[PDB]
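Numbering-wise, the first sequence is residues 1 to 171 according to the numbering used here. C-beta atoms are modelled at their ideal positions from N, C-alpha and C, and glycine is treated no differently.
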Amino acid sequence: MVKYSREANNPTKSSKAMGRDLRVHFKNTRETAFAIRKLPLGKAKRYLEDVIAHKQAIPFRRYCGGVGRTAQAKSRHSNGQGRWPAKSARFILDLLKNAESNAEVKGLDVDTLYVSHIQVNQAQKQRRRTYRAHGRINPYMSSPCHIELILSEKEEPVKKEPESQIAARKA
RNA sequence: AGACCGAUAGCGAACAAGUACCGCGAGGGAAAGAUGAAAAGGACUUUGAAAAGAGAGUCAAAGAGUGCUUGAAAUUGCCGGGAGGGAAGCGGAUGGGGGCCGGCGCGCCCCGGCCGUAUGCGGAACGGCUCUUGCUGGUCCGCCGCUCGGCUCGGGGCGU
RNA sequence: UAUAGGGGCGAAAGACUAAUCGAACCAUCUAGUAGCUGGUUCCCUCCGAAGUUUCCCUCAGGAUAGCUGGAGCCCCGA
RNA sequence: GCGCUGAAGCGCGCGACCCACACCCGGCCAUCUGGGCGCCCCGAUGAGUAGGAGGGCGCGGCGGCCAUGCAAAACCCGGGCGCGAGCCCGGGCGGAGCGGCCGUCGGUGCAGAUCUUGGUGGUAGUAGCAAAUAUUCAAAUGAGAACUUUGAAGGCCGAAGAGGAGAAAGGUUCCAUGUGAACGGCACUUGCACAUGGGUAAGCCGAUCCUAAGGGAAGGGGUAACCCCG
RNA sequence: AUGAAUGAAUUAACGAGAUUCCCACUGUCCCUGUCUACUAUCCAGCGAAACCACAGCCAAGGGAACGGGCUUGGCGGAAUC
RNA sequence: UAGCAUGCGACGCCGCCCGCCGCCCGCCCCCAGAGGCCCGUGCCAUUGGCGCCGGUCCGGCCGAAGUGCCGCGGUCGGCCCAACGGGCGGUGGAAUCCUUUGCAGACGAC
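This is the structure in structure tokens:
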């Protein structure tokens with residue numbers, strides 16, 4: 001959550017974080033959401049720390065065009081495209097760090113949960129242009145991007161407690 | 001002043017406008033309005049690479065929070081419904097299922113309740129007509145007397 | 001630092017006169033003018049075309065009938 | 001098309017079937033026949049570009065009549081009517097204006113015009129950021145360091161593919177300190193980005209004085225005059 | 001359809017002028033190879049335009065006589081580099 | 001040479017499976033030049049005394065897979081759910097990555 005996109009949940013159960021108008025590749029930064037995506041805080045961090053490291057790639061389900069492929073897909077099995085876009089990843093890390101912290105302040109459990117909701121939208125595009133040969137003028141602009149992160153005290157443990165009707169086992 | 005225009009319109013110009021900007025120069029020349037009743041214009045605390053974020057506070061309203069009334073379209077994300085990795089297309093039409101949703105009395109009898117006209121009183125719009133004028137014919141109300149009855153909202157039974 | 005627009009300058013190519021030259025650029029006349037191309041925005045009804053003929057510096061147009069259609073007025077025709 | 005062959009070919013006869021919006025039949029819309037009480041009914045014909053002729057819908061401001069409004073207009077979603085142009089309602093939003101009838105006005109209706117303007121998607125996380133081979137190892141500082149700064153190592157520049165002094169031109173770009181939204185086609189702690197301060201000192205350098213193609217001031221005269229020769 | 005200052009002929013020197021021959025030489029060629037460099041490719045970062053009424057299989061046929069799409073036939077597991 | 005996406009076989013088979021069954025919830029809907037239950041209550045449907053078919057134990061023939069059938073001795077049964085499934089429940093027995101490389105190689109793959 002912030003002054004809002006799809007929040008939907010409860011304040012007690014969840015924590016909220018947002019990035020605003022970051023200038024990063026929009027297409028790389030969405031995907032970064034798709035892959036994580038239902039997941040813990042600490043594992044996400046480990047996954048992203050891995051991403052920069054080039055340990056784990058972030059699935060490029062949309063976005064094709066010549067991406068570098070199939071080094072591994074890992075989770076997504078195989079699947080050809082993948083890169084490890086470090087800058088968008090670093091920005092998701094500060095977002096997870098905001099969210100984690102907010103969760104902590106709230107008194108949210110160290111155990112507490114997974115990423116209920118992440119979206120990514122193209123905030124705007126910053127304007128800009130560079131001059132070209134033959135007297136012609138071509139825009140080079142940057143895309144601002146907003147990312148919303150919803151942390152929720154239902155998801156990690158909702159999925160343990162109505163894991164019910166045959167269920168629990170690990171436990 | 002106005003059957004003018006109302007922010008792509010009206011002047012080029014509602015504002016910092018012949019401004020910003022272009023051309024050696026003559027000359028050319030935009031885009032540019034609106035928080036709120038009141039600044040009450042976001043303390044205090046946590047966090048953070050930065051901004052920002054979280055939580056809270058003000059107000060009828062903050063998706064009223066600063067190019068801040070409303071907030072379409074074109075578009076993006078997430079998500080919901082329909083569908084799906086073996087069968088062919090002007091993307092509709094036509095038929096069918098699924099998905100979604102708004103809408104929802106009569107006849108008779110007994111009890112309770114209320115009132116009554118005809119005639120005498122007492123007040124009054126009317127009428128056919130005549131049309132100077134006049135004659136017969138209204139209706140309801142106010143409310144007592146004298147006979148002699150009905151209605152309506154509900155309840156209970158029966159038959160339709 | 002001269003020479004300025006049918007003028008200049010040219011060892012003359014129609015070369016060159018601020019990215020513009022078989023006549024610079026600017027602003028104006030000016031909303032030129034186009035028998036040519038394009039476009040011209042709400043519903044319905046009754047009837048429903050012409051692509052032919054003469055004239056015309058006339059044939060990518062005009063013109064005048066021919067073909068149409070409405071609105072009124074009247075009561076034959078194969 | 002598969003594709004048949006004493007036929008699913010061909011011909012001569014034949015029987016039954018199929019098949020349109022045609023034709024019939026049922027119910028209904030215009031015009032016309034007309035009829036009958038502002039309204040009802042009988043039957044016929046009835047595609048349509050250019051297009052004539054006629055009835056109607058919607059816009060905006062005006063007047064007379066007639067309302068609506070503390071929850072109006074607008075928007076979004078659906079419900080109802082109307083062939084229909086279009087009318088109407090319900091929910092949410094919005095948070096102040098809005099209609100209807102008649103009679104008028106008219107910057108009065110778009111999908112289009114290599115239409116204008118604005119916004120926005122795909123193109124795409126794609127092209128470019130490639131020829132002097134130029135940095136590398138330690139370290140400083142910093143929230144952050146491949147590109148800021150120190151040292152070492154290694155090169156490159158040579159009439160200046162990167163030395164010194166200057167003309168024009170720029171126009172404060174210089175120095176210092178502090179930053180980092182934008183720039184630098186990337187990072188940035190850096191900078192010729194941003195902000196604030198500060199610096200240029202002439203008797204003996206140059207301007208300045210002179211005069212050179214010429215700009216010419218000065219008759220007279222063309223030219224209204226601008227303007228031009230002398 | 002040559003021809004004399006619309007110049008004729010002729011001609012040494014000169015020429016990034018037009019044509020031809022020889023020697024020298026050689027990868028132009030027989031006939032291609034290996035190799036360097038920078039690209040390419042992949043990674044982080046930065047990040048564009050043209051263009052876009054249109055879904056987007058082939059063989060035939062048809063049609064304003066040059067079909068990605070009608071018509072009949074035949075094929076196609078998507079997506080991605 | 002290519003070729004299981006002709007919608008194939010075989011071999012080898014494994015943080016909890018699955019072999020055999022109680023109880024319930026969805027989809028299609030015979031062989032064959034003619035043939036295919038003895039005494040009862042009860043409108044029904046339920047429900048009770050008591051030769052020919054249907055799962056079965058154990059095995060063979062087309063079968064060479066998928067796939068089926070048919071018999072010597074007996075047992076649970078008669079005169080809903082086959083081909084699929086979807087569970088509440090009882091009893092019972094691996095690979096990608098990684099790291100270093102290549103016979104391989106633009107990435108991925110091998």
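Item, Value
"If we call anything under 8 Å between Cβ atoms a contact, is residue 14 one with residue 156?", "no"
"Check residue 94 in the structure and name its three-state DSSP category.", "helix"
"Cβ atoms of residue 147 and residue 18: under 8 Å apart, would you say?", "yes"
"Going by the DSSP bridge assignment, what does residue 130 pair with across the sheet?", "138"
"Report, in whole angstroms, the separation of the C-beta atoms of residue 92 and residue 48, which I expect to be a contact under 8 Å.", "6 Å"
"In the DSSP output, what is residue 120 paired with across the bridge?", "147"
"For residue 32 and residue 89, which I take to be in contact (beta-carbon distance under 8 Å), what is that distance rounded to the nearest angstrom?", "6 Å"
"Contact check, residue 52 vs residue 44 under 8 Å by CB: the rounded distance?", "Actually they do not touch by this definition, with Cβ atoms about 13 Å apart."
"Ignore the nearest five residues each way along the sequence and tell me which others in residue 20's own chain have a CB closer than 6 Å to its CB.", "146"
"Determine the closest residue to residue 102 out of 159, 68, 41, with distance taken between C-alpha atoms.", "41"
"Suppose you measure from the CA of residue 79 to the CA of residue 134; what does that come to, to the nearest Å?", "42 Å"
"In terms of alpha-carbon separation, which member of 67, 86, 34 lies closest to residue 118?", "34"
"Leaving out the 5 sequence neighbours to the left and right, which residues in its chain are closer than 6 Å to residue 22 when beta-carbon positions are compared?", "91, 145"
"Between the Cα of residue 24 and those of 124, 163, 165, spot the shortest distance and give me the residue it belongs to.", "124"
"Do you know offhand how far residue 5's Cα is from residue 50's?", "29 Å"
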